[PDB]
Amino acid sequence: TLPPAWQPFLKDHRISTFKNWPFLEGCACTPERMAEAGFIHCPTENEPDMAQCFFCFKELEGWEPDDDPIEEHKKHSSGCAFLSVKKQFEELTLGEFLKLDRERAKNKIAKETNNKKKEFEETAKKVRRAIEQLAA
């Protein structure tokens, strides 16, 4: 077993998050194929095909049986470092690895910022709207 906050780094871990995933045998975007691509299942009650790259925290919905999780990812997140990582886990130098666990945590933080933002703008729109209704 490895320290919990590092499992995501481990494919079989990822695979294991897809529970009740629907695109299975025959589909191009099976849990397995999602996993080699970096996704983890984050099903919302209102978003049950919700999945994100454990590294570059991008989320994605709208999965069709024909969807290649890889080229999808390079489309919507071209600058994910994971994607340039061509070595299995154990084949990496703790150096190489500790460096990536560094982008991840940085990337993570940059996503919680562009999220606090998006939640600020949202609240502004409602303050604005509300003012206009009180000016008529």
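The first residue of the sequence shown is number 1, and the count goes up from there.
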Exercise. With respect to the recorded C-alpha B factors, which stretch has the higher mean value, 70-78 or 42-50?
Worked result: 42-50
Seminar exercise, completed: Max C-alpha B-factor within the set 32, 96, 61, 91 falls on 96
Seminar exercise, completed: Quick tally, chain-level thirds of C-alpha B-factors: residue 126 sits in the middle
Exercise. Considering only modelled residues of the same chain, in which third does the CA B-factor of residue 21 rank: lowest, middle or highest?
Worked result: middle
Exercise. By its CA B factor, does residue 106 count among the lowest, middle or highest third of the modelled residues in the chain?
Worked result: lowest
